[PDB]
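In what follows, a single structure is set out as C-alpha cells and then discussed.
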Ligand SMILES: CC(=O)N[C@@H]1[C@@H](O)[C@@H](O)[C@@H](CO)O[C@@H]1O
Ligand SMILES: CC(=O)N[C@@H]1[C@@H](O)[C@@H](O)[C@@H](CO)O[C@@H]1O
Ligand SMILES: CC(=O)N[C@@H]1[C@@H](O)[C@@H](O)[C@@H](CO)O[C@@H]1O
Ligand SMILES: CC(=O)N[C@@H]1[C@@H](O)[C@@H](O)[C@@H](CO)O[C@@H]1O
Ligand SMILES: [Ca+2]
Ligand SMILES: [Ca+2]
Ligand SMILES: [Ca+2]
Ligand SMILES: [Ca+2]
Ligand SMILES: [Mn+2]
Ligand SMILES: [Mn+2]
Ligand SMILES: [Mn+2]
Ligand SMILES: [Mn+2]
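Residue numbers (the working numbering), protein chains in the order written: chain A, 1 to 229; chain B, 1001 to 1229; chain C, 2001 to 2229; chain D, 3001 to 3229.
Next comes the structure, spelled out in C-alpha cells:
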C-alpha cells in the first residue's frame, strides 16, 4: 500500500513543491493567487493553475486497485461587482504532464482530455445550468452532477472533497463559516475509465473574457491525502 | 498542543476502548448495534449509546483555546416498514460521566444537560420539522439548524462532521453511495458556552415507543481526530 | 484494523486523559512530575505513575493478530549529587486496571504480574548490572537485555521505542541532544505470552529509599501510536 | 506550517513518484534494487539512486525556520562472500537537481557538493574507520560521527532516522530483528549551513570496483515525514 499526504496552512512565495502554470503565483502573504491582480484589482483573460509536485497513484492495472482520497482547502472569489462574475475555480486531477487548456468558461481545464474536476462555476455558459453551481465534471466542461451555489462575494469558503474507491463515490461540499451556509454534491465516478494510473492534483481558475466579468480566485490553504491498497 | 485520534474499520465484539451504555453491543461480525435486535428483527423501546474511552479536551479556560475536530463514520438504519420509523441515531459530545437520558424521541440524549449532537432523526415529534432531517442540536432536542433528509432504508450512509474552532462552525454531511445522493447542514456553535472543557464523544440511538415504529441503528466504522492549540 | 494515537507537546495541569497514580502530578508549566519535589528539591521514598486513559488493543486471541506500536518522549532526571542517584523511570505496558507496585528499586512496576517495561535505571540493585542502564523487562525487575547508559544529570533525554509485531522485536533508544550521545537496546518479546489482549500504557518512576539517593523524574512531552491489523 | 509525508510498504515496478537514477530499478516483487543484479548475482562497478519526486522544504531564510523530519525503512545487503564486501548504501538529502556523483567508495554521493547522508558502509576506504560502520556525513565522504556496525549478510535491517530542528540533532539507528541486535549514532548537524532551503531525499548505493567485492543493496519499504513551522 502507498499513502501520500501534504498540508499547507499557507503557501511559500517561491514554492518548489508546487508547479505554477499560467498566471498563478503566491503572494508575499502566502496566498495562492491563481488569476492575475494588478493594483489590487482582478484582470480579465487570466488563467492560472497549480499542481502538487509528486504524482499520485490513483489506480493500478496490474493489481486492479483504486485509491481513496480526501482533500480540504479554503478559497476566496472576490468581484468588484456582484451581478457580473466569471469564470470560476476548480480542484482537479489530470495526467502528470498536464498543461493549461482553454481560458474563460473552459476554466483552464478543457477544450473543443483526461481531467476530472470539482468546479465552483461563477458564470452560466451555454453548457451550464442557469445559476452559479458546484459541479462534478468527468472529461467534459459539462457537469454530470451539480448543486446550485449561493456564492458569497469575498467570503472565505471551506471545501471538503472525498473519493471512496469501494463505491466509486466522489463527494464535494462547500461551507461559508461567515453565515453557516453549506452546499453538497456527489457522483458515481469510475477513476479507472476516466484517468490514467498516475495523476497530478491541484487547482485551476480563469477570469472572464470581458472587463466587466472579473474576479479573484485565491486559495488560502490546502491538505490532501490518498491511499492505494 | 494535544492531538488525539482513533480509527476503527470495524468494532471488536468486546471493545475495551468503547464504553457501551443501555442496549448497545458489538455483533460477532463487528457492527456496533446501538438498539436491540431479536431474531434478526429490531425491537421497540430500545436505547443504546457508545463512547470512546478517552476524554477529549475541547476547550481550556486558562489558555482560552478551543479544539478543532473531524469525524467520519458510516451507518445503516433498516426498518421492516418504510412508512413508519422511529426514532433515530446521533453523534454527540457530552461531559465525561454522561449517562443515558430519555428514550424515544429524546434519542437517549436529552430530557424534560450539556450535550451537543448531530442527529439523524427518522420520526417527526412535536418539536421537529415535518420531514426526516439531519439536525444540529445544542443542549436541546430542538435543532437550531436542520436539512431535510431523504432516508434510504437499509442503505449505507457515509457521514463527515467537522468543527473549525477559529470560526465556531460545525458542519455535518451525509452521502448514500448507492445512489450518490447527499445532504449537508451547518451552524455556528460556541463549544465553550455549551459544553465543559473535557467531553466524551460517541453515538446514541433509540427505537420507537410502539411496535410498528421500529428500526435498527448500526454503525459500521468510525474515525475521529481532534487538536487543541 | 484499529489505529489509536495521541500527542502532547506538554501536559495539562489537570489532565483528564491521563490517569495519575501515587505522587504523580502535572506542574503549572506542564511538566509531568512523576516523583515528589518539595521546595524545588526531590524527596525520597516517592512513587508516581501516569497512564493514558484509553486501553490499547495489543493482541486479539480470536483473529490471532498482534499490534505494532511506536512512542517518543523526552524526560529529565536531575539529582542534587551525581554520584548517588536512585531509582529510575520507565515506559510500560500493563493490564488496564494496573496499580502501583513496590517502591524503590522495583520502580513502581514489579514486586516479590504482567508488565513489560523499558527502564532507565539509575541505581544498581542486587539484580542489576553494575552501571546505569537502559533495560528491556518482561514480567521481571531483572532485564532480559540491557545497554550501559551514561546518564547526564539534568539534561533532556529524547526517547524512541518501537515494536514490530511481524518479528516480535522491541527496540528502545535514547539520545541527549546536548552532546549528541545515544544508546540503543533491543529484544525479542512475545506480547501475547507476556500481556493480556488489552493494556494501558504510560510511565512509572521512583526516587531512592534514602535521603542521599534522590532525583526528579519529569516527562516533558509524549507521542504514541499503535495499529492492530 | 507545511507537513509532507509518504509511505510505501513495497515499491511499484514503474514508480512515478520515485526518480530512479543510475542502475536503480524496482523488481516485479516490489523491491527497490539500487545496484545491478544479473542472473540473481550482484555485479561490480554499479551505482543506483532513488529520490522522492516532491522537494522537501527543510529551512526558510525569510522566516528563519528549520524542518524536523523522521524516516524509517528496511533494507538488505547480501554478498556471495562475507569477508569481501563493498561499498554500501545511504539515505541522503541533496539539492533537488542532484545527480549521481562518484562510484565505488564515494557511494554515488560525493566526489574529489551539498549532501548530508547517513551511510551504511561495508568497505574500509582510506578515509574510513577500520570496521564496517554507520556514519553521519556532512558534505564529505568522511563521517563526522560513526558507530561500528556488525553487518549481517542477507538479513533484513530496520532503520529509523530523526532530525530535531530545535537542537540540530540528527540520529540514526539500525536493528536486525533476526537477532535483536542494534546500533545507533547521532550528531549535531546545522542543515541551514549544509544544504539549500529545498532538497530531495532518498537512497544511493554502490557495489565494489572489483569482482570479488560485490553485494546487493535493496530497500524493501519506506516511510517519511517532515514538518516546517
Ligand atoms: C466560451 C467562453 O469562454 N465564454 C466566455 C465566458 O466564459 C465569460 O468569460 C464571458 C464573460 O463576458 O465571456 C465569454 O462569453
Ligand atoms: C415523546 C416521545 O418519545 N414520543 C414517541 C416518539 O418519539 C416515537 O417513538 C413514537 C412512535 O410511535 O412514540 C412516541 O410518540
Ligand atoms: C530493594 C530496594 O528498593 N532497594 C533500595 C534501592 O533501590 C535504592 O532506593 C537504595 C537507595 O539508598 O535504597 C534501597 O537499597
Ligand atoms: C576509491 C574507491 O572507490 N575505491 C574502491 C573501493 O571503494 C572498493 O570498491 C574496492 C573494492 O575492491 O575497490 C576500490 O578500492
Ligand atoms: Ca461556466
Ligand atoms: Ca424526532
Ligand atoms: Ca535498579
Ligand atoms: Ca567505505
Ligand atoms: Mn459549469
Ligand atoms: Mn429532530
Ligand atoms: Mn535495572
Ligand atoms: Mn564511511
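Beta carbons: idealized from backbone N, C-alpha and C, even for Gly.
Where do the N-terminal and C-terminal ends of the beta strand (DSSP E) with residue 3074 of chain D fall, by residue? The sequence position of residue 3074 of chain D within the fourth chain is 74, counting from 1. Run containing residue 3074 of chain D: 3068-3076, per the beta strand (DSSP E) assignment.
Please compile the residues from chain G whose C-beta is within a distance smaller than 7 Å of the C-beta of residue 2080 of chain C. In the structure shown, chain G cannot be found, because the protein chains are A, B, C and D.
beta-carbon residue 1034 of chain B near ligand 2 non-hydrogen atom, thresh 6 Å: Within the second chain, numbered from 1, the residue matching residue 1034 of chain B stands at position 34. Checking every heavy atom of ligand 2 against the Cβ of residue 1034 of chain B, none is found closer than 6 Å.
For residue 3089 of chain D and residue 3046 of chain D, what's the separation of their Cα atoms in angstroms? To locate residue 3089 of chain D, count along the fourth chain from 1; it is residue 89. To locate residue 3046 of chain D, count along the fourth chain from 1; it is residue 46. Residue 3089 of chain D and residue 3046 of chain D: Cα-Cα distance of roughly 12 Å.
Taking beta-carbon pairs under 9 Å, can you tell me which members of the region 1156-1170 of chain B lie near chain A? Against chain A - using a Cβ distance shorter than 9 Å - the residues of the region 1156-1170 of chain B are 1156, 1158, 1160, 1162, 1164, 1166, 1167, 1168, 1169, 1170.
Distance CB(residue 3135 of chain D)-CB(residue 3152 of chain D) smaller than 7 Å: One-based indexing of the fourth chain puts residue 3135 of chain D at position 135. One-based indexing of the fourth chain puts residue 3152 of chain D at position 152. Not in contact: residue 3135 of chain D and residue 3152 of chain D (Cβ atoms no closer than 7 Å).
Quick check: is any heavy atom of ligand 11 less than 6 Å from the C-beta of residue 2230 of chain C? Coverage of chain C is limited to positions 2001 through 2229, which leaves residue 2230 of chain C absent and any answer about it impossible.
State whether the region 1041-1056 of chain B contacts the region 1162-1180 of chain B, with contact taken as three or more CB pairs (one from each stretch) at a distance under 8 Å. The answer is no - the region 1162-1180 of chain B does not touch the region 1041-1056 of chain B, with fewer than three Cβ pairs under 8 Å.
Assuming residue 198 of chain A contacts residue 56 of chain A under a Cβ cut-off of 8 Å, what Cβ separation, rounded to an integer in Å, is found between them? Along the first chain, one-based indexing puts residue 198 of chain A at 198. Along the first chain, one-based indexing puts residue 56 of chain A at 56. For a cut-off of 8 Å, the C-beta gap from residue 198 of chain A to residue 56 of chain A is around 7 Å, short enough to register as a contact.
Between residue 1208 of chain B and ligand 10, is the CB less than 6 Å from at least one heavy atom? For the purposes of this step, residue 1208 of chain B is taken as the residue at position 208 of the second chain. Remark: the C-beta of residue 1208 of chain B is outside contact range of ligand 10, defined as less than 6 Å to any heavy atom.
Quick check on residue 2093 of chain C: does DSSP put it in helix, strand or coil? Start at 1 with the first residue of the third chain, and residue 2093 of chain C comes out as number 93. Judged by DSSP in its simplified three-state form, residue 2093 of chain C adopts strand.
Return yes when the C-beta of residue 2112 of chain C is under 6 Å from any heavy atom of ligand 7, and no when it is not. In the third chain, the residue the question calls residue 2112 of chain C occupies position 112. No, ligand 7 has no heavy atom inside 6 Å of this Cβ.
Residue 2184 of chain C touches chain D at which residues, Cβ-Cβ below 8 Å? Within the third chain, numbered from 1, the residue matching residue 2184 of chain C stands at position 184. Chain D residues near residue 2184 of chain C: 3173, 3175, 3182, 3183, 3184.
Does the distance between the C-beta of residue 105 of chain A and the nearest non-hydrogen atom of ligand 5 fall short of 6 Å? Taking the first residue of the first chain as position 1, residue 105 of chain A is located at position 105. The answer is yes for residue 105 of chain A.
Whole runs of the beta strand (DSSP E) within the region 3001-3051 of chain D, excluding any shorter than 3 residues: Counting whole runs of 3 or more residues, the region 3001-3051 of chain D contains the beta strand (DSSP E) stretches 3002-3008, 3018-3022.
Separation of residue 2169 of chain C from residue 2193 of chain C, as counted between CA atoms: In the third chain, residue 2193 of chain C corresponds to position 193, counting from 1. In the third chain, residue 2169 of chain C corresponds to position 169, counting from 1. Between residue 2193 of chain C and residue 2169 of chain C, the C-alpha separation is close to 14 Å.
Taking the alpha carbon of residue 188 of chain A as the point to measure from, which residue in A:102, A:122, A:162, A:62 has its own alpha carbon closest? As a position in the first chain, residue 188 of chain A is number 188, starting the count at 1. Answer by Cα proximity: A:162.
Alpha carbons only, please: which of A:140, A:99, A:86, A:130 is nearest the one belonging to residue 112 of chain A? Within the first chain, residue 112 of chain A is the residue found at index 112, counting from 1. Closest by alpha carbon: A:140.
Hey, does residue 3024 of chain D have any beta-carbon neighbour from chain C nearer than 7 Å? For the purposes of this step, residue 3024 of chain D is taken as the residue at position 24 of the fourth chain. No, because no Cβ of chain C sits closer than 7 Å to the Cβ of residue 3024 of chain D.
Using the beta-carbon of each residue, which ones in chain A are nearer than 7 Å to residue 1187 of chain B? Reading the second chain from its first residue, position 187 is the one you call residue 1187 of chain B. Under a criterion of Cβ atoms nearer than 7 Å, the residues of chain A adjacent to residue 1187 of chain B are, in order, 180.
Contacts that residue 8 of chain A makes with chain D (C-beta to C-beta distance below 7 Å): Taking the first chain and counting its residues from 1, one reaches residue 8 of chain A at position 8. Listed along chain D are 3002, each with a C-beta nearer than 7 Å to that of residue 8 of chain A.
Please find out if some non-hydrogen atom of ligand 1 comes closer than 6 Å to the beta-carbon of residue 79 of chain A. Taking the first chain and counting its residues from 1, one reaches residue 79 of chain A at position 79. Not so, every heavy atom of ligand 1 lies at least 6 Å from the Cβ.
State buried or exposed for residue 2 of chain A, treating a residue as buried only when at least 16 other CB atoms are found within 10 Å of its CB. For the purposes of this step, residue 2 of chain A is taken as the residue at position 2 of the first chain. Result: buried.
Does the CB of residue 198 of chain A have a neighbour CB from chain D at under 7 Å? Locating residue 198 of chain A in the first chain gives position 198, where the first residue counts as 1. With 7 Å as the cut-off, residue 198 of chain A counts as an interface residue toward chain D.
Tell me the DSSP bridge mates of residue 2217 of chain C? Locating residue 2217 of chain C in the third chain gives position 217, counting from the first residue. As far as DSSP is concerned, residue 2217 of chain C takes part in no beta bridge.
Kindly indicate which three-state DSSP category residue 2054 of chain C falls into: helix, strand or coil? Looking up residue 2054 of chain C in the third chain gives position 54. Of the three classes helix, strand and coil, the one that applies to residue 2054 of chain C here is coil, per DSSP.
Nearest to residue 2050 of chain C by CA position, among C:2061, C:2158, C:2182, C:2019, is which residue? In the third chain, the residue the question calls residue 2050 of chain C occupies position 50. Measuring from the Cα of residue 2050 of chain C, the nearest candidate turns out to be C:2019.
In whole angstroms, what is the alpha-carbon distance linking residue 32 of chain A and residue 3171 of chain D? Residue numbering aside, residue 32 of chain A sits at position 32 when the first chain is read from its first letter. Residue numbering aside, residue 3171 of chain D sits at position 171 when the fourth chain is read from its first letter. So the alpha carbons of these two residues sit roughly 36 Å apart.
Across which residues does DSSP place residue 1170 of chain B in a beta bridge pair? In the second chain, residue 1170 of chain B corresponds to position 170, counting from 1. The secondary-structure analysis by DSSP pairs residue 1170 of chain B across a beta bridge with B:1163, B:1187.
In whole angstroms, what separates the C-alpha of residue 3117 of chain D from that of residue 3097 of chain D? The residue given as residue 3117 of chain D occupies position 117 in the fourth chain. The residue given as residue 3097 of chain D occupies position 97 in the fourth chain. Each residue's Cα considered, the two are about 16 Å apart.
Using the Cα positions of residue 3030 of chain D and residue 3015 of chain D, report the straight-line distance between them to the nearest angstrom. Here residue 3030 of chain D corresponds to residue number 30 of the fourth chain, with the count starting at 1. Here residue 3015 of chain D corresponds to residue number 15 of the fourth chain, with the count starting at 1. CA-to-CA, the gap between residue 3030 of chain D and residue 3015 of chain D works out to about 10 Å.
How about residue 228 of chain A and residue 67 of chain A: do their beta carbons lie closer than 7 Å? Working through the first chain from its first residue, we reach residue 228 of chain A at position 228. Working through the first chain from its first residue, we reach residue 67 of chain A at position 67. Going by C-beta atoms, residue 228 of chain A is nearer than 7 Å to residue 67 of chain A.
Below 6 Å, is the gap between the Cβ of residue 1135 of chain B and the nearest heavy atom of ligand 10? Within the second chain, numbered from 1, the residue matching residue 1135 of chain B stands at position 135. Answer for residue 1135 of chain B: yes, Cβ within range of ligand 10.
Tell me, please, which residues DSSP counts as bridged to residue 1150 of chain B. For this step, residue 1150 of chain B is matched to residue 150 along the second chain. Residue pairing of residue 1150 of chain B in beta bridges, as defined by DSSP: absent, with no partner found.
Boundaries of the beta strand (DSSP E) in which residue 115 of chain A is found, first to last residue: As a position in the first chain, residue 115 of chain A is number 115, starting the count at 1. No beta strand (DSSP E) holds residue 115 of chain A; DSSP gives it neither H nor E.
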